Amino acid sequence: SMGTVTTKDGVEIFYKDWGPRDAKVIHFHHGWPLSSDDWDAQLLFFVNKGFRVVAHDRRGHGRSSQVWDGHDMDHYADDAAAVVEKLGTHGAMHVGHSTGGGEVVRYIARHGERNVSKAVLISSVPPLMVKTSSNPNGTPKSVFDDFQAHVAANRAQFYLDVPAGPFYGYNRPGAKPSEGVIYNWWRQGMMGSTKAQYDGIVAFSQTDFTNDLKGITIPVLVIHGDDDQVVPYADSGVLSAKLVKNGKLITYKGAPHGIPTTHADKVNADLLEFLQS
């Protein structure tokens, strides 16, 4: 029972719940195709400071059930809601990275901002990644179709190539790649379901969060790297911070997509300052 909850639809969601029971809560939502382990640097920082931290694995990711369907933002939000309802942690600060930032926004829209004191979108997918007739600066759909085809063709290799190349900026001049960071990304991706991750690409890239964002009146902090090769800065973080009612943007100059790892100390300090504000 410690660290698992079963949703209404029979999906087992794994979670970490660390720290004093009566401390202020921060709930973290990870990106594609990873797990709650991707927050390790943040979870350790906060728990060592006396806070309570919660972080769960999205359906079909990490240690959560390899359910074949429901791989969309509405289900992701409801699965998050199942964790919050079990733990009684309403009023938490909710922090998302990448796809997880979409999940945070949909959680707020679907289950109500009364239950979230503050939100943070780190390197997050909103408002809409894919190019459409009404989103002409987006990324062409074929880009995502190709990510899907890579997952289908050789997921094992693709999950080395992404973290070795664009995700942490290890393909840039001056980069100091960490083999452990690369293999750790891979390890998390591979324990998840190929089907959940394959469908998951559509969920993150082709869900429009613009309406959800506009309904958010609670304090929102947006943190984004301006050399993000995975979720382009100009078409995500910059827009999200303006669409919400009470948003603020912190730009990490030169930073990649995987800033919870590469810029952990900055992220930790910025999250703490926002939590205490």
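The numbering used is simple: start at 1 and walk along the sequence shown.
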Is the mean CA B factor in the deposited entry higher across 117-125 or across 178-186? 117-125
Mind pulling up the entry and telling me whether 215-223 or 61-69 has the higher mean Cα temperature factor? 215-223
Highest CA B factor of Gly101, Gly192, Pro166, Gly91, as deposited, is found at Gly91
Largest Cα B-factor, entry values, listed residues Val230, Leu44, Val54, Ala234: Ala234
For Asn137, does the deposited CA B-factor place it in the lowest, middle or highest third of the chain? highest
Going by the entry, which third of its chain does the Cα temperature factor of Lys266 land in? highest
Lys49 - Cα temperature factor, lowest/middle/highest third of chain: highest
By the entry's values, the third containing the CA B factor of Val143 is the middle
What third of its chain's C-alpha B-factors does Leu34 belong to: lowest, middle or highest? lowest
